[PDB]
Structure formats: C-alpha cells, structure tokens
Amino acid sequence: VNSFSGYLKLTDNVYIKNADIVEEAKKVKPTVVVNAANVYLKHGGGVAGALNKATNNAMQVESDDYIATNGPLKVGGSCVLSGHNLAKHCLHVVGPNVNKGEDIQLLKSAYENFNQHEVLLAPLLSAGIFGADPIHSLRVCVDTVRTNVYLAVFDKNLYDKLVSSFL
Ligand SMILES: C#CC[C@@H](CO)Nc1ncnc2[nH]ccc12
Ligand SMILES: [Cl-]
C-alpha cells in the first residue's frame with residue numbers, strides 16, 4: 001500500500017492520472033520523482049522547468065555542480081539527485097527530444113532507468129515539448145517498466161485521449 005490516490009490502473013504495475021506533477025509530488029512526497037531532463041540538466045521548461053521552479057532553483061544549483069563534476073548525461077541515461085522539497089530523490093531521465101532530431105528508439109533505454117527504483121512518480125518521457133507521440137510513450141512505458149510507476153499527465157484531452165486509446 002502507498003499514498004498515491006485517484007489513479008487509473010492500466011496494468012499490473014502502471015497507473016495513470018490527470019495531474020500536475022509538481023502538485024502531486026508536494027502532496028505525496030514520493031521516494032522518487034522523475035524529471036524529464038536534458039543531458040545538460042538545464043531545467044528551463046516543461047516538467048523540468050516546473051519542478052525546478054518549485055524547488056526555488058535549488059534543483060538547478062545542484063544540477064550545475066553535478067555537470068561541472070561529471071559532464072553531460074547520455075540521451076537515454078539518468079542520474080539520481082536530491083528531491084529537495086518535492087521527494088526524497090529526483091531521478092533525472094533523458095528521453096530523446098524529437099525537436100532536436102534524436103532517435104526515438106532511445107525512449108526504451110530511457111524508461112529502463114525506472115527499473116532501478118521500486119516505485120516512482122513520473123511524466124511520460126519524451127512527451128510535451130520533447131516532441132514525441134504520447135500514446136507511443138505510454139506504450140513504451142508499459143512494455144518496459146516493471147516496477148510500480150505512477151504517471152502524472154498534465155493535459156486533460158491527452159489524459160482522456162491516452163485512456164480511451166490505451167490497448
Ligand atoms: C503538457 C504536457 C506534456 C508533459 C510531458 O510529457 N508535461 C508535464 N506532465 C506532467 N506534469 C507536468 N507539470 C509541468 C509540466 C508537466
Ligand atoms: Cl512538456
């Protein structure tokens with residue numbers, strides 16, 4: 001039993017809800033919140049900009065130190081950093097950004113990072129401003145993640161479109 005509420009169950013381990021991931025994280029304070037990161041951990045817009053804003057820029061400060069020490073992530077890769085006031089940990093995961101010409105096949109590799117954590121609150125990787133088809137992202141999520149994932153979808157028409165189209 002966990003404290004996630006109001007989710008539709010899609011499979012044994014995947015759940016979905018129309019929700020603002022910032023507000024969800026503040027309420028649940030999950031062990032792991034997933035950020036839709038880029039390789040530079042520059043949290044400017046989309047989910048990343050919103051999560052960072054909610055931390056009063058502490059996420060960005062921590063991230064800049066991480067990059068200065070370690071260099072950029074790989075597309076498809078991840079790192080674990082602090083969750084600040086939102087969660088115990090933030091798993092920064094880099095899905096391919098279609099608006100940069102990155103290979104959509106890397107989306108499966110990106111979701112594989114979730115399997116290192118028993119339970120996660122997450123967005124759909126590569127959706128929104130990363131330019132991928134969210135129906136595809138949900139399919140890859142369901143077919144790749146084996147741990148318990150609670151997906152927060154910001155857009156209602158999409159949330160409704162994702163549910164009604166889910167196979
Ligand atoms: C809109 C749209 C697409 C998705 C990424 O696929 N963006 C988000 N998903 C969930 N919570 C969010 N908070 C702020 C942004 C955001
Ligand atoms: Cl977005």
Side-chain angles (χ1 to χ4, degrees), residues 3-10 14-60 63 73 75-78 81 83-87 89-114 117 119-145 148-166:
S3 58
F4 289 100
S5 177
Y7 285 76
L8 180 67
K9 183 168 178 59
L10 294 176
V14 180
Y15 295 81
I16 196 169
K17 181 183 182 182
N18 174 212
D20 180 342
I21 193 169
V22 171
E23 292 310 315
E24 274 290 287
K26 286 193 285 186
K27 182 70 173 185
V28 175
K29 309 225 200 306
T31 304
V32 180
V33 66
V34 174
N35 182 32
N38 59 50
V39 299
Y40 306 111
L41 302 180
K42 289 306 185 196
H43 309 303
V47 167
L51 293 172
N52 177 57
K53 179 179 176 185
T55 75
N56 183 45
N57 210 51
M59 178 180 285
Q60 191 64 67
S63 293
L73 296 181
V75 179
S78 70
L81 291 173
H84 301 275
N85 52 318
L86 304 176
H89 305 285
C90 178
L91 181 69
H92 295 272
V93 180
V94 184
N97 188 325
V98 177
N99 303 318
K100 299 180 179 176
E102 289 163 0
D103 183 12
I104 194 65
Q105 308 303 310
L106 291 168
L107 186 54
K108 188 173 183 74
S109 301
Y111 274 117
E112 287 171 342
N113 294 285
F114 288 25
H117 303 276
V119 183
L120 314 88
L121 172 61
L124 286 167
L125 297 179
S126 298
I129 68 174
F130 280 59
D133 176 4
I135 296 174
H136 178 63
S137 182
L138 177 56
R139 188 75 256 167
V140 178
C141 180
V142 163
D143 293 341
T144 304
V145 181
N148 290 328
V149 56
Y150 289 84
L151 293 168
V153 176
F154 191 96
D155 190 73
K156 172 65 169 172
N157 271 24
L158 176 60
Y159 171 81
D160 286 344
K161 184 186 180 191
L162 289 164
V163 169
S164 295
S165 61
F166 182 72

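Indexing begins at 1, ligand by ligand and atom by atom, following the structure's order. No hydrogens, no waters, no symmetry mates; every other heavy atom, side chains included, goes into these values. Counting begins at 1 with the first residue of the sequence.
With rounding to the nearest 0.5 Å, the separation of NZ in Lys108 from SG in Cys141 is 10.0 Å. A distance of 11.0 Å separates CG in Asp143 from OH in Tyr111, rounded to the nearest 0.5 Å. Taking CG of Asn18 as the reference point, atom CG of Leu151 lies at 12.5 Å (rounded to 0.5 Å).
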Taking a 3.5 Å cut-off between nitrogen or oxygen atoms, can you list every pair linking ligand 1 to the protein, with distances?
unit_1	atom_1	unit_2	atom_2	d
ligand 1	6 (O)	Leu124	O	3.1
ligand 1	6 (O)	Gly128	N	3.4
ligand 1	11 (N)	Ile21	N	3.3

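Note on ring orientation: taking the six-membered ring where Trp is involved, the planes of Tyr150 and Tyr15 are parallel (angle under 30°, cut-offs 30° and 60°).
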Please tabulate, for the side chains in residues 155-162, all donor-acceptor contacts under 3.5 angstrom to protein atoms that are two or more places apart in sequence or on a different chain.
unit_1	atom_1	unit_2	atom_2	d
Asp155	OD2	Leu158	N	3.0
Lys156	NZ	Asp160	OD1	3.1

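The pair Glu23-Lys26 meets the salt-bridge criterion, since a charged nitrogen lies less than 4.0 angstrom from a carboxylate oxygen.
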